[PDB]
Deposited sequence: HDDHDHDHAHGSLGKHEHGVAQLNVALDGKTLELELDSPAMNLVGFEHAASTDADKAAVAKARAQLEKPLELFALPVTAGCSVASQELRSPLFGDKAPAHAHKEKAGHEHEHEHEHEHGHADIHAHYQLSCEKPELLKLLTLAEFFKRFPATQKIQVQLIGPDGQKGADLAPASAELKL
């Protein structure tokens, strides 16, 4: 099951995704064939656009401060993002609805949120894809 760790402290939003490869690339083995490699390139193109993948509200004025994608396919996939948000008070809701639409193999995401107010935990699925920040 894919894990998403979210930290929000002041204007800094951190996202850490750790997933089995199957959820994102559609197979669970090394990428040897041309077909396997194309499926990894498709996933990677989606992971390179975090504001789109995690549907961050444009109103919050988020931009990518840093991004690191790690996998032997590039089998686990790790994606770390640091976002700088001009108006973090406008991040009210994390929605994984775009994530489930771009990675339809993903049935479940376990989300852990941490911030000055404490920890919050939820199992997100295409049916209920939203966590109140």
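Checklist entry - Which regions of the deposited sequence are unaccounted for in the modelled residues, listed N- to C-terminal? => result Absent from the structure are positions 1-19, 94-120.
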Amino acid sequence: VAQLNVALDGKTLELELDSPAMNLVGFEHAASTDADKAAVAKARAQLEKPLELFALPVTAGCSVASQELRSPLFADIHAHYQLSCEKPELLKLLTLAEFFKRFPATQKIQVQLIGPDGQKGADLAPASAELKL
From here on, numbers count along this sequence of modelled residues.
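Item to check | Given 56-64 and 40-48, the range whose Cα B-factors average higher in the PDB entry | outcome: Between 56-64 and 40-48, it is 56-64.
Next on the checklist: Tell me which stretch has the larger mean Cα B-factor in this entry, 85-93 or 31-39.
Outcome noted: Taking the mean B-factor of the alpha carbons in each, 85-93 is higher.
Item to check | Entry-reported Cα temperature factor of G115, expressed as the chain third it lands in | outcome: Its C-alpha B-factor, which the entry lists for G115, ranks in the middle third among residues of this chain.
Checklist entry - Among the chain's modelled residues, which third holds the C-alpha B-factor of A125? => result It belongs to the highest third of the chain when residues are ordered by C-alpha B-factor.
Checklist entry - By its CA B factor, does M22 count among the lowest, middle or highest third of the modelled residues in the chain? => result It falls in the middle third of the chain.
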